[PDB]
Each structure stands twice: as C-alpha cells, then as structure tokens.
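One structure is given below, encoded as structure tokens.
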Amino acid sequence: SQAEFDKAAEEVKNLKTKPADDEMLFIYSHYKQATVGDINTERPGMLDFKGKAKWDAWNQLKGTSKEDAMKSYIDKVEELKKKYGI
C-alpha cells in the first residue's frame with residue numbers, strides 16, 4: 001500500500017483548492033502517523049496555535065498503525081479528490 005500512499009501524497013499536492021481546517025489537520029495527522037509513527041516531539045509553545053493545532057491532531061492518533069494510518073490517509077485523499085478536483 002506504500003506506493004498508493006506515495007501516490008496519495010503526491011496526488012494530494014494538486015488539490016485545486018484550500019480545504020477545511022479539520023481536513024488539513026487530518027491529512028497531516030495521519031501522514032505523520034503513516035510515516036513517522038506515534039508522535040515523538042515536544043508540543044509547540046507561545047502563540048504557535050497552528051503548530052499546536054497540528055501537534056494535538058497527530059497526538060490524537062497515538063497507537064494507530066502505519067497500515068491504518070496510510071490506509072485512512074489515502075481514502076481521505078480520495079475523498080478530497082472528488083470534493084475539490086485535480
């Protein structure tokens with residue numbers, strides 16, 4: 001499924017329009033989970049809410065498998081492929 005992932009990623013890059021927050025967060029969230037693994041970084045600070053946003057979201061995926069990670073990832077990508085167009 002790796003390649004399909006490598007494709008969904010590459011694919012996503014062409015989402016014709018800026019998506020909804022939750023959407024972005026999720027893409028990021030699962031990606032990080034699909035390639036890095038369970039979070040292993042210190043939470044942002046100051047007024048870096050965009051960061052903190054993304055951080056928590058990945059945080060919200062502890063335990064998940066790279067398999068699930070990637071899977072869900074690509075599915076969603078597909079979901080957006082329809083939703084915005086390439």
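Letters for chains follow the order of the structure tokens (A, B, ...), residue numbers begin at 1 for each chain, and ligand numbers begin at 1 in the order shown.
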Quick one: residues within 12 Å of residue A:13, only C-alpha atoms, excluding same-chain residues fewer than 5 positions away - as a short mmCIF file (atom, residue, chain, number, x, y, z; two decimals) with C-alpha atoms, in the first residue's frame?
data_model
loop_
_atom_site.label_atom_id
_atom_site.label_comp_id
_atom_site.auth_asym_id
_atom_site.auth_seq_id
_atom_site.Cartn_x
_atom_site.Cartn_y
_atom_site.Cartn_z
CA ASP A 6 3.33 7.68 -2.02
CA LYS A 7 0.77 8.39 -4.69
CA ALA A 8 -1.99 9.79 -2.46
CA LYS A 18 -7.60 25.15 0.11
CA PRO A 19 -9.62 22.63 2.15
CA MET A 24 -5.83 19.74 6.64
CA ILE A 27 -4.17 14.82 6.26
CA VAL A 77 -7.18 11.88 -0.12
CA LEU A 80 -10.93 15.16 -1.37
CA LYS A 81 -10.07 14.19 -4.96
CA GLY A 85 -10.82 18.14 -8.03
CA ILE A 86 -7.35 17.67 -9.54
#
Residue neighbourhood residue A:9, 12 Å, only C-alpha atoms, exclusion window fewer than 2 positions, as a PDB file with N, CA, C and O atoms, in the first residue's frame:
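The resulting file, result.pdb, is shown below:
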ATOM      1  N   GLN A   2       2.148   1.068   0.354  1.00  0.00           N
ATOM      2  CA  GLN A   2       3.132   2.145   0.421  1.00  0.00           C
ATOM      3  C   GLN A   2       3.066   3.056  -0.798  1.00  0.00           C
ATOM      4  O   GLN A   2       2.867   4.260  -0.666  1.00  0.00           O
ATOM      5  N   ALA A   3       3.226   2.476  -1.982  1.00  0.00           N
ATOM      6  CA  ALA A   3       3.199   3.253  -3.218  1.00  0.00           C
ATOM      7  C   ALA A   3       1.906   4.046  -3.374  1.00  0.00           C
ATOM      8  O   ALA A   3       1.918   5.220  -3.732  1.00  0.00           O
ATOM      9  N   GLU A   4       0.788   3.384  -3.117  1.00  0.00           N
ATOM     10  CA  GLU A   4      -0.519   4.018  -3.205  1.00  0.00           C
ATOM     11  C   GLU A   4      -0.519   5.226  -2.274  1.00  0.00           C
ATOM     12  O   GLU A   4      -1.220   6.217  -2.504  1.00  0.00           O
ATOM     13  N   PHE A   5       0.260   5.100  -1.201  1.00  0.00           N
ATOM     14  CA  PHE A   5       0.418   6.152  -0.206  1.00  0.00           C
ATOM     15  C   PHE A   5       1.251   7.199  -0.902  1.00  0.00           C
ATOM     16  O   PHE A   5       0.831   8.337  -1.073  1.00  0.00           O
ATOM     17  N   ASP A   6       2.433   6.783  -1.332  1.00  0.00           N
ATOM     18  CA  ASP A   6       3.330   7.683  -2.020  1.00  0.00           C
ATOM     19  C   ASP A   6       2.582   8.382  -3.137  1.00  0.00           C
ATOM     20  O   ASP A   6       2.955   9.481  -3.553  1.00  0.00           O
ATOM     21  N   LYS A   7       1.514   7.760  -3.620  1.00  0.00           N
ATOM     22  CA  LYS A   7       0.773   8.392  -4.686  1.00  0.00           C
ATOM     23  C   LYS A   7      -0.240   9.356  -4.110  1.00  0.00           C
ATOM     24  O   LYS A   7      -0.338  10.481  -4.576  1.00  0.00           O
ATOM     25  N   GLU A  11      -0.370  12.865  -4.986  1.00  0.00           N
ATOM     26  CA  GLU A  11      -1.663  13.261  -5.508  1.00  0.00           C
ATOM     27  C   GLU A  11      -2.166  14.509  -4.800  1.00  0.00           C
ATOM     28  O   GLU A  11      -2.280  15.574  -5.417  1.00  0.00           O
ATOM     29  N   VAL A  12      -2.440  14.372  -3.504  1.00  0.00           N
ATOM     30  CA  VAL A  12      -2.975  15.468  -2.696  1.00  0.00           C
ATOM     31  C   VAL A  12      -2.398  16.837  -3.058  1.00  0.00           C
ATOM     32  O   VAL A  12      -3.128  17.835  -3.103  1.00  0.00           O
ATOM     33  N   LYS A  13      -1.096  16.867  -3.341  1.00  0.00           N
ATOM     34  CA  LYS A  13      -0.393  18.095  -3.706  1.00  0.00           C
ATOM     35  C   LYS A  13      -1.147  18.937  -4.726  1.00  0.00           C
ATOM     36  O   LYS A  13      -0.918  20.148  -4.837  1.00  0.00           O
ATOM     37  N   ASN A  14      -2.074  18.311  -5.479  1.00  0.00           N
ATOM     38  CA  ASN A  14      -2.771  19.021  -6.528  1.00  0.00           C
ATOM     39  C   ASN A  14      -4.209  19.285  -6.133  1.00  0.00           C
ATOM     40  O   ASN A  14      -5.069  19.528  -7.048  1.00  0.00           O
ATOM     41  N   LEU A  15      -4.569  19.303  -4.867  1.00  0.00           N
ATOM     42  CA  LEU A  15      -5.943  19.600  -4.503  1.00  0.00           C
ATOM     43  C   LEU A  15      -6.212  21.042  -4.909  1.00  0.00           C
ATOM     44  O   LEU A  15      -5.741  21.975  -4.255  1.00  0.00           O
ATOM     45  N   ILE A  27      -5.182  15.221   7.221  1.00  0.00           N
ATOM     46  CA  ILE A  27      -4.166  14.820   6.259  1.00  0.00           C
ATOM     47  C   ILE A  27      -2.851  14.749   7.014  1.00  0.00           C
ATOM     48  O   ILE A  27      -2.233  13.687   7.125  1.00  0.00           O
ATOM     49  N   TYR A  28      -2.445  15.895   7.543  1.00  0.00           N
ATOM     50  CA  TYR A  28      -1.228  15.987   8.314  1.00  0.00           C
ATOM     51  C   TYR A  28      -1.197  14.831   9.316  1.00  0.00           C
ATOM     52  O   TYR A  28      -0.388  13.916   9.207  1.00  0.00           O
ATOM     53  N   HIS A  30      -2.626  11.969   9.994  1.00  0.00           N
ATOM     54  CA  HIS A  30      -2.431  10.591   9.565  1.00  0.00           C
ATOM     55  C   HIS A  30      -1.089  10.404   8.848  1.00  0.00           C
ATOM     56  O   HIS A  30      -0.386   9.418   9.079  1.00  0.00           O
ATOM     57  N   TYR A  31      -0.729  11.361   8.001  1.00  0.00           N
ATOM     58  CA  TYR A  31       0.551  11.311   7.306  1.00  0.00           C
ATOM     59  C   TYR A  31       1.624  11.014   8.366  1.00  0.00           C
ATOM     60  O   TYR A  31       2.230   9.948   8.366  1.00  0.00           O
ATOM     61  N   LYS A  32       1.830  11.966   9.271  1.00  0.00           N
ATOM     62  CA  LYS A  32       2.818  11.838  10.338  1.00  0.00           C
ATOM     63  C   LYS A  32       2.748  10.471  11.008  1.00  0.00           C
ATOM     64  O   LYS A  32       3.765   9.909  11.420  1.00  0.00           O
ATOM     65  N   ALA A  34       1.507   7.780   9.485  1.00  0.00           N
ATOM     66  CA  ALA A  34       1.807   6.805   8.446  1.00  0.00           C
ATOM     67  C   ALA A  34       3.274   6.715   8.102  1.00  0.00           C
ATOM     68  O   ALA A  34       3.708   5.687   7.601  1.00  0.00           O
ATOM     69  N   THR A  35       4.040   7.776   8.350  1.00  0.00           N
ATOM     70  CA  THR A  35       5.469   7.753   8.025  1.00  0.00           C
ATOM     71  C   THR A  35       6.422   7.907   9.211  1.00  0.00           C
ATOM     72  O   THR A  35       7.541   7.401   9.191  1.00  0.00           O
ATOM     73  N   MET A  70      -1.723   5.011   6.858  1.00  0.00           N
ATOM     74  CA  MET A  70      -1.702   5.152   5.417  1.00  0.00           C
ATOM     75  C   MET A  70      -3.066   4.910   4.794  1.00  0.00           C
ATOM     76  O   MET A  70      -3.539   5.731   4.007  1.00  0.00           O
ATOM     77  N   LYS A  71      -3.696   3.788   5.143  1.00  0.00           N
ATOM     78  CA  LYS A  71      -4.999   3.446   4.583  1.00  0.00           C
ATOM     79  C   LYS A  71      -5.966   4.610   4.651  1.00  0.00           C
ATOM     80  O   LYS A  71      -6.394   5.125   3.617  1.00  0.00           O
ATOM     81  N   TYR A  73      -5.491   7.608   5.376  1.00  0.00           N
ATOM     82  CA  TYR A  73      -4.884   8.708   4.660  1.00  0.00           C
ATOM     83  C   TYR A  73      -5.350   8.738   3.209  1.00  0.00           C
ATOM     84  O   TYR A  73      -6.047   9.660   2.790  1.00  0.00           O
ATOM     85  N   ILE A  74      -4.969   7.714   2.453  1.00  0.00           N
ATOM     86  CA  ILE A  74      -5.314   7.629   1.041  1.00  0.00           C
ATOM     87  C   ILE A  74      -6.807   7.735   0.790  1.00  0.00           C
ATOM     88  O   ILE A  74      -7.235   8.433  -0.127  1.00  0.00           O
ATOM     89  N   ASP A  75      -7.597   7.039   1.604  1.00  0.00           N
ATOM     90  CA  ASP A  75      -9.049   7.078   1.465  1.00  0.00           C
ATOM     91  C   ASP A  75      -9.453   8.557   1.437  1.00  0.00           C
ATOM     92  O   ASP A  75      -9.997   9.041   0.440  1.00  0.00           O
ATOM     93  N   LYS A  76      -9.161   9.262   2.535  1.00  0.00           N
ATOM     94  CA  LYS A  76      -9.454  10.695   2.676  1.00  0.00           C
ATOM     95  C   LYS A  76      -8.977  11.469   1.452  1.00  0.00           C
ATOM     96  O   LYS A  76      -9.711  12.284   0.894  1.00  0.00           O
ATOM     97  N   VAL A  77      -7.732  11.227   1.055  1.00  0.00           N
ATOM     98  CA  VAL A  77      -7.183  11.880  -0.117  1.00  0.00           C
ATOM     99  C   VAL A  77      -8.232  11.714  -1.199  1.00  0.00           C
ATOM    100  O   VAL A  77      -8.712  12.688  -1.769  1.00  0.00           O
ATOM    101  N   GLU A  78      -8.596  10.460  -1.457  1.00  0.00           N
ATOM    102  CA  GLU A  78      -9.587  10.143  -2.472  1.00  0.00           C
ATOM    103  C   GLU A  78     -10.832  10.960  -2.219  1.00  0.00           C
ATOM    104  O   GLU A  78     -11.382  11.568  -3.129  1.00  0.00           O
ATOM    105  N   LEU A  80     -11.151  13.780  -0.930  1.00  0.00           N
ATOM    106  CA  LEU A  80     -10.927  15.155  -1.374  1.00  0.00           C
ATOM    107  C   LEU A  80     -10.757  15.266  -2.886  1.00  0.00           C
ATOM    108  O   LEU A  80     -11.068  16.306  -3.471  1.00  0.00           O
ATOM    109  N   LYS A  81     -10.267  14.197  -3.513  1.00  0.00           N
ATOM    110  CA  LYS A  81     -10.070  14.186  -4.959  1.00  0.00           C
ATOM    111  C   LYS A  81     -11.400  14.502  -5.624  1.00  0.00           C
ATOM    112  O   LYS A  81     -11.462  15.240  -6.619  1.00  0.00           O
TER     113      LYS A  81
END
Counting only C-alpha atoms, which residue out of A:50, A:26, A:16, A:1 sits closest to residue A:82?
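Of the candidates, the smallest distance to residue A:82 is held by A:16.
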